[PDB]
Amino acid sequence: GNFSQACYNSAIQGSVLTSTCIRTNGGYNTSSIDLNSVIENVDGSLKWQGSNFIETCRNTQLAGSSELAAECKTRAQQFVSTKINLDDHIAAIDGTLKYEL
């Protein structure tokens, strides 16, 4: 992971992370990744190893350089605040954001 060390000007809109990442040729590239493919809302908490959090969460934000923050519904249908460190699994490879397992 650790995209945040390779990238800057990052933003979250909905479930999409955008960022500008360094390229090996000396330049940079702007890219994006849909975090909804790789993050699950598990009883109100954002977790890896699943998908589709955006269906039952609201008010997504980037906190600091790498934290996804949101408000997500529990199984009992009430909202809690939750966060996950995108640096756990989101990497930058030659200027492009990629998920790494």
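Position 1 is the first residue in the sequence shown; the rest follow in order.
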For this session: Going by the average Cα B-factor in the PDB entry, point out whether 6-14 or 89-97 comes out higher.
Result: 89-97
Problem set entry | Stretch with the higher entry mean CA B-factor, where the candidates are 42-50 and 27-35 | 27-35
For this session: Taking the chain's C-alpha temperature factors as the reference, tell me which third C21 falls into: lowest, middle or highest.
Result: highest
For this session: Would you mind checking where the Cα B-factor of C57 ranks among the modelled residues of its chain, as the lowest, middle or highest third?
Result: middle
